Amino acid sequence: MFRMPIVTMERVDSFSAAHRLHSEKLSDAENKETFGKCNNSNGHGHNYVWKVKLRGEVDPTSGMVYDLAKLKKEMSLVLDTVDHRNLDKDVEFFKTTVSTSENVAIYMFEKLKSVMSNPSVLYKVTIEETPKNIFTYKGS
């Protein structure tokens, strides 16, 4: 056995979605106060940038940390759940957990981990809600 160099591989994609920040554990007034304009009753939306970062040994034969073709398919499966959708209304997960970008990052990390051929190399998910507001999550 010979341990190979450890490298990271990150793949960037995006999805467009609507949402409204509204907690079922808060009153109407509290939701307005906590979430401000993000609580607009008819919602608003974002192009979310999703970056998926893997870390692992370089394979000596393929030269890859992970098969990009395989990652593309797995990421597509996750993106299908959220792209051109309303997070709070169309995605079961967000019925019971507020759709802040913190919680979106967690959702995407966990859903991806659930579909991956080799989930052990999943290292970090990034969600950019806008170019100015960036969230990351590395799991438990």
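One rule holds for the numbers: they count along the sequence shown, beginning at 1.
- Annotation for 87 to 95 versus 110 to 118: the higher mean temperature factor (C-alpha) is found in 110 to 118.
- Look at the C-alpha B-factors of 28 to 36 and of 55 to 63. On average they run higher in 28 to 36.
- When the Cα B-factors of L68, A105, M75, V49 are read from the PDB record, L68 comes out highest.
- Of the candidates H19, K132, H22, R11, the deposited coordinates give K132 the top C-alpha B factor.
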